[PDB]
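For reference, the structure discussed in these notes is given below.
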Amino acid sequence: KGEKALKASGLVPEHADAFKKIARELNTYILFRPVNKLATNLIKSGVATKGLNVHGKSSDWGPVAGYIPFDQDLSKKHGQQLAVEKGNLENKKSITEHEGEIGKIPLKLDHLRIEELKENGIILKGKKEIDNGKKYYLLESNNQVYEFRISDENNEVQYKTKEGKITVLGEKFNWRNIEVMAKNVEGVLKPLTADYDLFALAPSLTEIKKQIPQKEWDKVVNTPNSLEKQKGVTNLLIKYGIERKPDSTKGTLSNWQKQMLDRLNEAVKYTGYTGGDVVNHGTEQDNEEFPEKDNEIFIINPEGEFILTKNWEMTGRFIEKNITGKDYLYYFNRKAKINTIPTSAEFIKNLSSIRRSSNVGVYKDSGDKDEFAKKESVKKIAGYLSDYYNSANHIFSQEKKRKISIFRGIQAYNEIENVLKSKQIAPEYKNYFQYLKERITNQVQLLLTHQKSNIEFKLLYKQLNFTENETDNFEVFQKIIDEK
């Protein structure tokens, strides 16, 4: 929060002042991911940064830690049993799939970086061995299965494992280099650095009116009906915001948030970075190959107080205190799921996660109409969960957001009840749907108790009958909320 986040993240102070100027002149809650200081030294060195072509995470030891090495054993793949070749062939695929901006260059790092690692207390510049015809700059480490050899007169690392001990990869190499994957800046020698990443983004919707076209905002203000005005804003957001474009070098943003990103990219050139775009891949949940979870988030407020969190429940608490529970644009990263269960795209990910391993399930690769009817049921599930994950219901108060949230939970629970009115499905998806419906009952239940409803869930389910209408059955449900 201010200074403690700025020191425990290891964030660039001139970039901190630049981000305060960006937040002051653009009024956006800039969410961020935790960055490694060992990567931050090579970021503030100025050379190019990685995207999603490589996937090397931040290491825990090394002068090259932060760069993406050829052999990934100077990367996140440290001590991995069968995953060192996963990272190895992953950077092979980075070389041989994304041609044009992936290079084969030598290293670009600091010679005093070994002293930057000895002031970190990691490597041990000790005994010297003779290779390349010279008494070379062989330096040891603490973890002595590996050692770096940064060159004396050159700016390269001819690293090796010791020739008289075992390698954790299973091979043996004699003072080989890091043939580091690069970014071909029309021929400029620039390797890849572990980039500074995003977490989400959140402007205010009144500012968003001055970014998206607003003569349909001059249309949508002249309505006499409240829920239909909210549904017109729903039409505006379904055709404007979430209609995304999948990439791997810019990110999963709105086009106006892509303008936010390229403004962020240009506004850091004169501050101390020599490459421009330092944010070159997606957020925490945008790595859909496998998600992760962090314990602190560098959310930057519009007014200069760089907010920090402590626990994941405190992340949800301060998001529903600041991002969600105000009149802002909560645009997040799409049995203790107290508030935020994952999104419906990850529900489709879990749908494919046990439809390929076990080929049986809800509907098969077929042509019959009942299979497409269960496909229509899960289509309504995937629609209703993204309807539930639409926090832009706040042109009115936020209890309207609460009422529409519990309404969408009711409708999705009705769909999960409908999908068990089907044929003899595989029991894996049966207990999966039991899991979904029980977590959604717990979610709508505590969402009701944080309201002042005092009704149990089963009463409120059995009273509603939405045959053809979310227009007066919302008035049926809505009337109870309107009174006590």
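Please read every residue number as a count from 1 along the shown chain.
The backbone N, Cα and C atoms fix where each Cβ goes, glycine too.
These come from Swiss-Prot:
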| type | residues | note |
| --- | --- | --- |
| REGION | 54-193 | region 'Catalytic CB' |
| ACT_SITE | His55 | active site, proton acceptor |
| REGION | 194-326 | region 'Catalytic CA2' |
| BINDING | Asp195, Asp197, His281 | Mg(2+) binding site |
| BINDING | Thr252, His281, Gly282, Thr283 | 3',5'-cyclic AMP binding site |
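Projection of Swiss-Prot feature records onto the structure.
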residue	record	CB count, 10 Å
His55	active site, proton acceptor	21
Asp195	Mg(2+) binding site	23
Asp197	Mg(2+) binding site	20
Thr252	3',5'-cyclic AMP binding site	21
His281	Mg(2+) binding site	23
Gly282	3',5'-cyclic AMP binding site	23
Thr283	3',5'-cyclic AMP binding site	21
What other residues of this chain sit with their CB within 8 A of the center of the CB atoms of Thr252, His281, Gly282, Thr283, the recorded 3',5'-cyclic AMP site?
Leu52, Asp197, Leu198, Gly251, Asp286, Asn287
Using only C-alpha positions, which one of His55, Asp195, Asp197 is spatially nearest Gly282 (3',5'-cyclic AMP binding site)? These are the recorded positions in the record.
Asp197
To the nearest Å, how far is the Cα of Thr283 (3',5'-cyclic AMP binding site) from the Cα of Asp197 (Mg(2+) binding site)?
6
Which chain neighbours of the Mg(2+) site, leaving out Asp195, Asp197, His281, have a Cβ atom within 8 Å of the mean position of the site's Cβ atoms?
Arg33, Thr49, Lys50, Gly51, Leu52, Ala194, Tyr196, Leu198, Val279, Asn280, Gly282
Coarse DSSP state, helix versus strand versus coil, of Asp197 (Mg(2+) binding site):
coil
What does the structure give for the C-alpha distance between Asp197 (Mg(2+) binding site) and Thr252 (3',5'-cyclic AMP binding site)? Integer Å is fine.
12
Distance from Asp195 (Mg(2+) binding site) back to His55 (active site, proton acceptor), taken between C-alpha atoms, in Å:
10
Whole-number answer please: how many Å between the C-alpha atoms of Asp195 (Mg(2+) binding site) and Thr252 (3',5'-cyclic AMP binding site)?
16
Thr252 (3',5'-cyclic AMP binding site) to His281 (Mg(2+) binding site) - Cα separation in whole Å:
8
